[PDB]
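Subsequent text provides structure tokens for two forms of one protein chain, presented individually as structure 1 and structure 2.
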Structure 1
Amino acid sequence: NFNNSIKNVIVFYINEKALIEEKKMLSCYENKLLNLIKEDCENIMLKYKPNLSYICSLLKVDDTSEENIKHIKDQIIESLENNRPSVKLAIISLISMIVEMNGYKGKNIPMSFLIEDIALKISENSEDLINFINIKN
């Protein structure tokens, strides 16, 4: 006697509230970087939707399992280890496109571990990247 509609409304409702609280943790500096990265990763997504889908295809992104998501992480990190700003903005877009594709399957734990560990490796030697997004204007 469980209502499919209510459960998923309550879950989404709380998560939405949890995102807002993560947003207030972003500061003037981080809020602007966000908006600047937003614009870059969006423009990448139109032209390289053709190109990024092919990567989403090579990496079997429908596998939705740690055994594979762990491999997706390793492979993405391997590409960074072999790391200029342009590639970094492209990795972010790739992940956004993995989210777009697997967003209906729901939130799963491995992806979070992936999003954090990749977000982490990208932060390495941020200096070269900060310049890229801030020579826009």
Structure 2
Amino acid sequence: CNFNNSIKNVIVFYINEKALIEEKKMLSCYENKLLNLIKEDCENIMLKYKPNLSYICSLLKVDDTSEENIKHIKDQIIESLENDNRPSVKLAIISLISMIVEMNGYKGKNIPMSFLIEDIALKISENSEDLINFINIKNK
């Protein structure tokens, strides 16, 4: 009955944007500083190790956005972080997921991507002191 997905996409984006704004306001001063350090580091990783990350994305077949494959990607990343949980690798995974979202996009409509983000962030937050130690040592 005469649907218009351009309307739908704009509304989804508009509301998501309003939510991101709210989440930003709710970030504490400590979280904001943390966010700034993570952004600088992971964008730096994006620059220097783009060929390494692009290769990972090829291995994971990120172009394939089927539910079956997005889960295979999550499980692979999760299991990788388990067998190698160094702070350095955790930061590369953040950069990696940044590359994935920039390649295929993410409106939240894809719930499996939501699980990937949540579970990986949780794993990265484990053994926090090792990660904070690595980050602050990096900013000198």
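For clarity, a rigid core is taken as the largest C-alpha set superposing within 1.5 Å between two forms. Only residues modelled in both forms are compared. Numbering for residues begins at 1 and runs along the sequence of structure 1.
Superposing on the rigid core, I want to see if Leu120 changes position between structure 1 and structure 2 - specifically a Cα shift of 2 Å or more.
Not so; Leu120 is displaced by less than 2 Å.
Cα displacement of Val9 between structure 1 and structure 2 reaching 2 Å, rigid core superposed
The answer is yes; the displacement is at least 2 Å.
Does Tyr104 move its CA by 2 angstroms or more between structure 1 and structure 2 when the core is aligned?
Indeed, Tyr104 is displaced by 2 Å or more.
Any chance you could measure the C-alpha shift of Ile69 between structure 1 and structure 2 with the core superposed, in Å?
Here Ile69 registers a C-alpha shift of 1.0 Å.
Run through the residues found in both forms and list the stretches of 3 or more in a row whose CA moves by 2 Å or more between structure 1 and structure 2, fitted on the rigid core.
Moving regions between structure 1 and structure 2: 1 to 11, 104 to 107.
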